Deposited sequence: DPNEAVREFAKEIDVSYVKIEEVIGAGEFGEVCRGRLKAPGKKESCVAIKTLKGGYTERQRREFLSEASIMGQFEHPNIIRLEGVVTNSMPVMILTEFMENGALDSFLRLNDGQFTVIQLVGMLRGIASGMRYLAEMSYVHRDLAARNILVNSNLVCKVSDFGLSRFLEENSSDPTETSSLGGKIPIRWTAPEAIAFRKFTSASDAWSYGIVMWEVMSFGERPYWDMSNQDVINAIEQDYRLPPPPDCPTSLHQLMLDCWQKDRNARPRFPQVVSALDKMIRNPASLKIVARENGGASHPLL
């Protein structure tokens, strides 16, 4: 949807993306109430390939409609700068939000967040969309603590293409996806287990200071991240399930959502910690 630039007001720069700024703003279109939006801008200096890559995120977002997937409002393409407008998520990236709020949200709240992410992923997998970069940094959080999946793009990672989408995010990526580049919803399930660990650790870095190669070797040699401090054993077990070496043994996203829904209905169960 092409948005007339007169309908957009940019209010403040709130972040930086791959190709430019991220801004908070307001969108007011004839017949609709004004709404808050996030705005990604692409200014001069870019190649047309880069413009197409930039705008591909909007095309993909535009294919989706789900309360746990960032909603596209529109694009500005017939003017400079080129812009992508989405709903506004007041609290930004989940990893930094949790680090700011370390130890300040209850287990039930954290499970709620995890459930929102898992529902987003359930939807993507139902749509045969493989995310490939599922990580807490790609989850955005609104004022009501609703978590939504972001970061959409279909470009191969650098390891896939010519001998001579960026690099594979090793610490989030399933071992078969690293080894063979086979990215599937089951490799996303692996990544989701890592997101779980990030959330329950209030945004610690997966594998701390281990090198990418150390992580790869450790996983092959059966190492798995330990439960974070105070983490319910049932959540850590779900993480381990997500991290099965055999991709076919990992839970699919409907089963993940079901498991989390049971926890929420049975919060006593979350009292058992190591």
In sequence order, the deposited-sequence ranges that have no modelled C-alpha atom: 1 to 10, 175 to 181, 292 to 302
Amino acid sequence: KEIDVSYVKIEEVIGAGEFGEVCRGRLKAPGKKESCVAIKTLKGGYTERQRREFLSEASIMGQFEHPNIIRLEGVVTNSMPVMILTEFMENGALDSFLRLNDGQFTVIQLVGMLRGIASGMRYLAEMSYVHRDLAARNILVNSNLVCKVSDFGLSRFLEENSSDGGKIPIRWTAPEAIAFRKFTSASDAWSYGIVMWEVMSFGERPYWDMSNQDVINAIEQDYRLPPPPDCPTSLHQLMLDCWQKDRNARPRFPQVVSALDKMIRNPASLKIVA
From here on, numbers count along this sequence of modelled residues.
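Rigid core: the largest C-alpha set superposing within 1.5 Å between the two forms.
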Between stretches 50 to 58 and 224 to 232, more displaced by Cα RMS in 4 other deposited structures of this protein (rigid core superposition): 50 to 58
Farther-lying stretch by C-alpha RMS in 4 other deposited structures of this protein, rigid core as reference, of 27 to 35 and 235 to 243: 27 to 35
Coordinates lacking for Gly166, a third or more of other entries: yes
Absent coordinates for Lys43 in a third or more of other compared entries: yes
Greater mean Cα temperature factor according to the PDB record, 70 to 78 or 101 to 109: 70 to 78
175 to 183 or 190 to 198, whichever carries the higher mean Cα B-factor: 175 to 183
Out of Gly92, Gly120, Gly166, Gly203, highest CA B-factor residue: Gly166
Highest-ranked of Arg224, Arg49, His236, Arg247 once sorted by CA temperature factor in the record: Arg49
Third of chain Cα B-factors occupied by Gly25: middle
Entry-reported Cα temperature factor of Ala259, expressed as the chain third it lands in: middle
Chain third (lowest, middle, highest) by recorded CA B-factor, residue given as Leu154: highest
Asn142, C-alpha B-factor rank within chain (lowest, middle or highest third): lowest
Record-listed C-alpha B factor of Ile60: chain third: middle
